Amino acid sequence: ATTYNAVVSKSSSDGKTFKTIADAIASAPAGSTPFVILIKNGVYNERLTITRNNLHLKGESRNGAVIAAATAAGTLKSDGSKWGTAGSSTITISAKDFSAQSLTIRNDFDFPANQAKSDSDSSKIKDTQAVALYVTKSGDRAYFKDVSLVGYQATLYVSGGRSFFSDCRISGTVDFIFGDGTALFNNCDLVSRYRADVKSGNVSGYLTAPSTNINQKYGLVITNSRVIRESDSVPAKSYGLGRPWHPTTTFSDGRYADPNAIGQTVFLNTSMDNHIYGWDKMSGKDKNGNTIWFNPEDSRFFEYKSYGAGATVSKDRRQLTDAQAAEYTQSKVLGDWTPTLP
């Protein structure tokens, strides 16, 4: 028995429906009773911020129900200020017990077109992060099933509590799954995209950039998934599995890269094509303003039973034991939360 509180559609011949997703979400009564919105096929050019608990979106199909907007971190607002990375997100989840099912969420910032612009072009953006989906510090228990997330740099920003991604597609280039959240991915395709602007022999991107606090048990956990190249033009050994993001953070003694953001990315039973070379380092600014490098060997970067041509076992790619792997079950990673759909 499944019923919808609101329906969104492009058609006026459809009937008693909302024309925008934002209107349907806003129509929800104040409170925390479940509110479920059906979104009929179409491309909805909208930016959304979810602040109501227990809100659920269901698209007609992943292929055909699309929420999309184009915003880069370096895109300017009316007051002349930049949106910033967090501010660039197409969808922002700042509530508990959110779910989205059978829909695509895109940031349509045309990264390749931007990079192709002449260096003297004033419209060429340097701050090229363009987030599709952002789960904030206020988000916990966010569930995404049969969802496609589209972007280049910084596609998925997972902060705050626990999120679960199931039967998913996520595409991107540089740090396309990043943040300090507990984010579990099961049976998703992680799609590394072609970079026309990267020279032969240089790195095209990094799947993950975790900023997991050292005291937090789980960061980014990827299980039973596929790490795939977008095309045969994506070179061998062009993508890192992860690099350690130590976010610029305001402390009592200044603003600098967080020393305690010692990120975790763990891959279990995941296929990898040969575009994967292994893990990588990442730079930030220290308390004195100097460049500081954070190394993968000092980070919580692990694999368990990877397979496919990108799945090499060396001293630079630490492996879990069977006993250690058992600590990364859904039950342990998500704790007392069982992700459920309405």
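We number the residues from 1 along the sequence you see.
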property: Which of 297-305 and 311-319 has higher mean CA B factor, as the PDB entry lists it; result: 311-319
property: Segment of higher mean CA temperature factor, 259-267 or 229-237; result: 229-237
property: Maximum C-alpha temperature factor, selected from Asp108, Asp253, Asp79, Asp180; result: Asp79
property: Third of the chain's Cα B-factor distribution that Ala28 belongs to, per the entry; result: highest
property: Ranked against its chain, the third holding the CA B-factor of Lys96; result: middle
property: Modelled-residue ranking by C-alpha temperature factor, third containing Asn215; result: highest
property: Cα B factor band for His246 (lowest, middle or highest third within the chain); result: lowest
property: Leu38 - which third its CA temperature factor falls in, relative to the rest of the chain; result: highest
